[PDB]
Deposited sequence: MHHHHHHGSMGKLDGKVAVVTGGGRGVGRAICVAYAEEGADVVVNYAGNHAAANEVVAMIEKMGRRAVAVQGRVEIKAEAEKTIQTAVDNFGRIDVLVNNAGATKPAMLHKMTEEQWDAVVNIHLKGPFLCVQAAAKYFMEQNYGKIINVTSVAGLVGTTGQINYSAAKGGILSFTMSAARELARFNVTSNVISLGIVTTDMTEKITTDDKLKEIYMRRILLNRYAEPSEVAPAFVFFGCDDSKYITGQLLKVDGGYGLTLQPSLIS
């Protein structure tokens, strides 16, 4: 498994793309912390699917824009599994505000949770001399600049910091990039987006940091 021996924290992991990431990570050998803000029952369903595979997972409640709750979420990984290898800042990436026509003041409120989670994980990445950060956003001083800042400051601890921009309509789920696909009935399953998170979360990307992958089906090519 690409993630054998690794511990991953996925914020907003109970549904949708977050749930697909947790399942894909467990499939690749990870121990998984399923963070949720509200839907405990959905996060427990992910934990149950992962345990049925023969892997390990725990759910944790936290709104990670609140600093103590970001720390709690990171600490749950260390307390249950001893370390935190991968942090996936998924929570909030495809909120309705993230999909509508307008924008630079919407991306700076969604930037506080990723900032606090990285800040809390950094202590452990430094002790481990290893870490993986994946930020998540949706297509349109913000998330990309923060991705590269962390990449530069944590490189010497063997931490990579990358970002995935989601730009397709997933089946679990008014900007023209999504109107086009809805009228054309072209949907992606969340499971089809998870491999990019496995890539940026395992040693396939050891030498790839500060970079963006746009999961948008080529839409920007028009």
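Visitor: Need the unmodelled segments of the deposited chain, numbered from 1, in order.
Guide: Those parts of the chain that were deposited but carry no coordinates are 1-10, 113-116, 155-169, 203-211, 261-267.
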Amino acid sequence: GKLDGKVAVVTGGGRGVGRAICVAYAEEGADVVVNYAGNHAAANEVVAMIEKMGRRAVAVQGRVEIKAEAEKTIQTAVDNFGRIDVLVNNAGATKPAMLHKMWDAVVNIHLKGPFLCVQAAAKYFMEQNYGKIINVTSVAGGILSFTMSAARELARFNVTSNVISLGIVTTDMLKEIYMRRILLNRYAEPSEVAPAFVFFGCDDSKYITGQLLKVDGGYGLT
From here on, numbers count along this sequence of modelled residues.
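Visitor: Mean C-alpha B factor from the entry: is it higher for 103-111 or for 130-138?
Guide: Stretch with the greater average CA B-factor: 103-111.
Visitor: Averaging the C-alpha B factors as listed in the entry, name the stretch that ends up higher: 70-78 or 93-101.
Guide: Per the deposited B-factors, the answer is 93-101.
Visitor: When you compare the CA B-factors of 191, 185, 165, 39 as listed in the entry, which one comes out on top?
Guide: Out of 191, 185, 165, 39, the record gives the largest C-alpha B-factor to 185.
Visitor: When the modelled residues of the chain are sorted by Cα temperature factor, does residue 31 land in the lowest, middle or highest third?
Guide: Within its chain, residue 31 is a middle-third residue by C-alpha B-factor, going by the deposited values.
Visitor: Within this chain, which third does the Cα B-factor at residue 84 fall in: lowest, middle or highest?
Guide: Lowest third of the chain for residue 84's C-alpha B-factor.
Visitor: Compared with the other modelled residues in the chain, in which third is the CA B-factor of residue 173?
Guide: For residue 173, whose C-alpha B-factor we compare with every modelled residue in the chain, the answer is the highest third.
Visitor: Quick one: classify residue 155 as lowest, middle or highest third of the chain based on its Cα B-factor.
Guide: Tercile = middle for this residue's CA B-factor.
Visitor: Among the chain's modelled residues, which third holds the C-alpha B-factor of residue 196?
Guide: Answer is lowest: the recorded C-alpha B-factor places it there.
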